[PDB]
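To begin, one chain is listed below as structure tokens, in the form deposited without 2,5-dihydroxybenzenesulfonic acid (DBX).
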């Protein structure tokens, strides 16, 4: 395919917080579908349940609202009420430590899930291997 296959350890048995080491924000999918990051651990919209659709391919869903993380045709993350092709991400190990999520739909363009230091999501085309914005650590809820 277009990418390596080093996979992170850990599993999907329990929900997780997706912590971005760039600004220290947790990925958040709000009830209205907007996606961004927050440093508030008490937020009820940062609890995410991941599930494997195929080895290395995942859905990332808000446990609070049931919404799926998805990246649209112009690279913007949004919350989807139903699972579709834009909701699948290739979950990979990075720097022998972190988890990265590449849009399956746009994998050939290397579009990643990423959070900027200010907590706003990065648009797909603005992401790339090597950035801290794409590095996540799944933490217990």
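Numbering follows the first chain given and starts at 1.
Of the two stretches examined, 54 to 62 and 83 to 91, the record assigns the greater average C-alpha temperature factor to 54 to 62. Stretch comparison (105 to 113 versus 37 to 45) by mean CA B-factor in the PDB entry places 37 to 45 on top.
Per the PDB record, residue ranking by Cα B-factor puts residue 13 in the highest third of the chain. Among the modelled residues of the chain, residue 23 sits in the highest third by CA temperature factor in this PDB entry. Looking at the C-alpha B-factors along this chain, the one for residue 130 belongs to the highest third.
The form deposited with 2,5-dihydroxybenzenesulfonic acid (DBX) bound is left out here; the points below concern that form.
Taken together, the three residues 73, 103 and 109 all stay farther than 4.5 Å from 2,5-dihydroxybenzenesulfonic acid (DBX) in the deposited bound form, as judged by their closest heavy atom. Contact between residue 133 and 2,5-dihydroxybenzenesulfonic acid (DBX) in the deposited bound form is found at the 4.5 Å heavy atom cutoff. In the deposited bound form, 2,5-dihydroxybenzenesulfonic acid (DBX) stays beyond 4.5 Å of every heavy atom belonging to residue 14.
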